[PDB]
Amino acid sequence: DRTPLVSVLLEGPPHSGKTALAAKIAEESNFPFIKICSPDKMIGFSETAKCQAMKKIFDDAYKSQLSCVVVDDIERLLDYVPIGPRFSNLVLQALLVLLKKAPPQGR
Amino acid sequence: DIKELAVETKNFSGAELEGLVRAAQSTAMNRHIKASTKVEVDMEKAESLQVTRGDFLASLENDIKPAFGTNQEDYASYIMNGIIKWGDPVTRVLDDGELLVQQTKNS
Ligand SMILES: Nc1ncnc2c1ncn2[C@@H]1O[C@H](COP(=O)(O)OP(=O)(O)OP(=O)(O)O)[C@@H](O)[C@H]1O
């Protein structure tokens with residue numbers, strides 16, 4: 001109860017099995033509300049659209065008692081590429097802000 | 001106590017102030033009329049109906065909320081686990097803040 005919010009990062013080299021392990025660990029929680037976002041379902045969108053989608057996904061979690069959410073392939077959410085480097089700052093700030101907001105009381 | 005209630009209520013329109021009273025009356029009334037399978041008053045034996053401050057507090061907490069907005073939520077959400085005293089720097093900072101408040105108060 002002291003810590004209504006908890007975070008965690010899974011890390012490893014490519015082709016390790018991160019996505020599947022995340023999905024399995026999420027499934028074995030038996031929580032009421034579970035959701036699995038991914039770049040695959042917003043491909044070709046603009047930044048504003050991605051921010052809107054992330055907003056809508058997180059908003060739902062605030063309307064339950066206890067919930068778990070998955071964010072896979074973060075490096076794709078924001079369009080990273082070695083040359084440059086070049087990326088989207090807006091989505092990065094959205095993520096950074098969202099990761100330190102606790103949900104409503106008793107959730 | 002009327003003065004205490006007036007102090008508690010701020011940014012309240014007259015309609016809100018009187019709706020608060022109506023809600024308090026409503027809860028006191030419900031106290032002595034209860035039935036689920038059927039409907040039945042308390043045998044008309046609640047002729048000593050008295051309204052306590054607790055009714056008003058419960059209403060003010062759950063029934064009537066000002067439209068202009070408040071600041072309780074931010075206070076409760078920001079100071080979560082309170083403030084403890086682990087070292088002098090806390091006292092020093094609090095004192096300095098009080099000094100600056102006095103400065104701006106009387107400059
Ligand atoms: N013990 C295991 N650990 C990991 N993956 C496993 C295991 N057993 C079976 N698999 C299979 O390995 C594959 C995992 O590949 P997956 O794409 O999830 O990994 P990834 O490292 O997250 O990939 P990507 O780099 O493409 O994001 C799936 O087919 C899963 O069924």
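Parameters at a glance
- Residues numbered from 1 in each chain as written, not as in the entry; some residues may be left out.
- Chains lettered and ligands numbered in written order.
- Part of a larger assembly, values for the part shown.
- Heavy atoms only, no water.
- 1 Å grid on protein atoms, 1.4 Å probe; cavity = no way out; pocket = protein on both sides within 12 Å on 5 of 7 lines; lining within 4 Å.
- Points joined across faces, edges and corners; volume = space filled by probe spheres on them.
- Helix = DSSP H or I, 4+ residues; strand = E, 2+ residues; numbered from the N terminus.
- Nonpolar A, V, L, I, M, F, W, Y, C, P; charged D, E, K, R; others polar.
- Salt bridge = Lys/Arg side-chain N within 4 Å of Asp/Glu carboxyl O.
- Buried < 20%, exposed > 50% of the residue type's maximum accessible area, 1.4 Å probe, protein only.
- Core = buried A, V, L, I, M, F, W, Y, C linked by side-chain atoms within 4.5 Å.
- Contact = heavy atoms within 4.5 Å.

- What the entry reports as its method is cryo-EM, with 4.50 Å given for the resolution.

- The PDB entry annotates chain B as Vesicle-fusing ATPase originating from Cricetulus griseus.
- Under its PDB header, the title given for this structure is "22bin20S complex (NSF-alphaSNAP-2:2 syntaxin-1a:SNAP-25), hydrolyzing, class 20".

- With the PDB entry as reference, chain A is termed Vesicle-fusing ATPase, source organism Cricetulus griseus.

**Concerning the layout of surface pockets**
Piece 1. Each pocket or cavity is described by its volume, and for the largest pocket that value is around 1800 Å³.
Piece 2. What lines the largest pocket is a set of 42 residues, among which A:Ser7, A:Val8, A:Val69, A:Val70 and A:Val71 lie closest to the centre.
Piece 3. If you list the elements that add at least two residues to the lining of the largest pocket, you get α1 (18-27), α2 (47-61), β2 (67-71), α3 (74-77) and α4 (89-98) of chain A.
Piece 4. Its residues placed into classes, the lining of the largest pocket shows 28 nonpolar, seven polar and seven charged.
Piece 5. Together, 23 residues line the second largest pocket, and A:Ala102, A:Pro103, A:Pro104, B:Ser77 and B:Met80 are the ones closest to its centre.
Piece 6. When its residues are assigned to classes, the lining of the second largest pocket shows ten nonpolar, six polar and seven charged.

**A word on the pattern of salt bridges**
Residues and elements named next belong to chain B.
Piece 1. For the structure shown, the criterion picks out three salt bridges over all chains.
Piece 2. Between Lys3 and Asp1 there is a salt bridge, with the nearest N and O atoms lying 3.1 Å from each other.
Piece 3. Accessibility expressed as a relative area gives 61% for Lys3, which makes it exposed.
Piece 4. For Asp1, a relative accessible area of 46% gives the class partly exposed.

**Some points on the nonpolar core**
Piece 1. By size, the foremost hydrophobic cluster in this structure holds six residues: B:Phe12, B:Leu20, B:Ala24, B:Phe56, B:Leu60 and B:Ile64.
Piece 2. Those residues in contact with B:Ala24, other than ones at most four positions away along the chain, are B:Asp55 and B:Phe56.
Piece 3. Formed by five residues, the second largest nonpolar core is a distinct cluster that contains A:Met54, A:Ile57, A:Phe58 and A:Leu95.

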